[PDB]
Amino acid sequence: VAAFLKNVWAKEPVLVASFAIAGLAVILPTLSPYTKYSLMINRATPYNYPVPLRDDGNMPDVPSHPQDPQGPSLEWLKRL
Amino acid sequence: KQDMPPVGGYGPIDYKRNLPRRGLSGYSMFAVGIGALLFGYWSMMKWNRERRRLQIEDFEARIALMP
């Protein structure tokens, strides 16, 4: 079968270039750790408005001042 | 006694057929192509990613107003 990938590429190298780009396209999102950053960037882009909550017992975290060390880690993008 | 053909001075010109100048072929091409194309996508992810950062700043000025 190892000649079939070289004795049709002497006759029609047209669709062979298509399968070579059809392949190596489905394969790569299962490979590089650059993906799931593509979902991590896409999650912390605020469209709507952040409504606040109310104190009742808890008090889990995040007081009235926003610039306190209160919220989660989305500040790795400015270092990126 | 005034007739044409010279005693000497001739060429001739060829009957030949040749201009096969190569040409940068045969794994030299398909190597400058991919090497140029990967420089393109490497020049992406430094602009498209960076524009995505200024994008959030553009939404930022919206949210700090509208109460």
# chains A, B, ... in the order shown; residues from 1 in each chain; ligands from 1

$ interface_residues --of "chain A" --to "chain B" --cutoff "8 Å" --atoms "only C-alpha atoms" --output "PyMOL selection string"
chain A and resi 45-47+49+77-78

$ select_by_dssp --residues "chain A" --states "alpha helix (DSSP H)" --output "list in words"
residues 15, 16, 17, 18, 19, 20, 21, 22, 38, 39, 40 and 41 of chain A

$ write_last_selection --atoms "N, CA and C atoms" --output "short mmCIF file (atom, residue, chain, number, x, y, z; two decimals), in the first residue's frame"
data_model
loop_
_atom_site.label_atom_id
_atom_site.label_comp_id
_atom_site.auth_asym_id
_atom_site.auth_seq_id
_atom_site.Cartn_x
_atom_site.Cartn_y
_atom_site.Cartn_z
N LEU A 15 -6.63 16.36 -5.36
CA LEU A 15 -7.38 15.95 -4.18
C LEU A 15 -6.47 15.45 -3.07
N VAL A 16 -5.24 15.06 -3.40
CA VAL A 16 -4.27 14.64 -2.39
C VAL A 16 -3.91 15.82 -1.50
N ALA A 17 -3.82 17.01 -2.10
CA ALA A 17 -3.57 18.21 -1.31
C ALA A 17 -4.79 18.59 -0.48
N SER A 18 -5.98 18.14 -0.88
CA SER A 18 -7.18 18.45 -0.12
C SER A 18 -7.26 17.60 1.14
N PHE A 19 -7.03 16.29 1.00
CA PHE A 19 -7.04 15.38 2.14
C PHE A 19 -5.92 15.69 3.12
N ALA A 20 -4.80 16.21 2.61
CA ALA A 20 -3.68 16.59 3.47
C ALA A 20 -4.02 17.80 4.33
N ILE A 21 -4.97 18.62 3.87
CA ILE A 21 -5.42 19.75 4.66
C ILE A 21 -6.72 19.40 5.39
N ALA A 22 -7.51 18.48 4.83
CA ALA A 22 -8.65 17.92 5.56
C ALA A 22 -8.17 17.17 6.80
N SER A 38 -8.42 29.10 24.58
CA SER A 38 -9.39 29.66 23.66
C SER A 38 -10.79 29.68 24.25
N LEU A 39 -11.07 28.82 25.22
CA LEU A 39 -12.32 28.92 25.96
C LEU A 39 -12.13 29.74 27.23
N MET A 40 -10.89 29.89 27.70
CA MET A 40 -10.65 30.65 28.93
C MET A 40 -10.65 32.15 28.66
N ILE A 41 -10.06 32.56 27.54
CA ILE A 41 -10.17 33.95 27.08
C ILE A 41 -11.64 34.30 26.85
#

$ atom_distance --atom1 "atom CA of residue B:30" --atom2 "atom CA of residue A:6"
16.7 Å
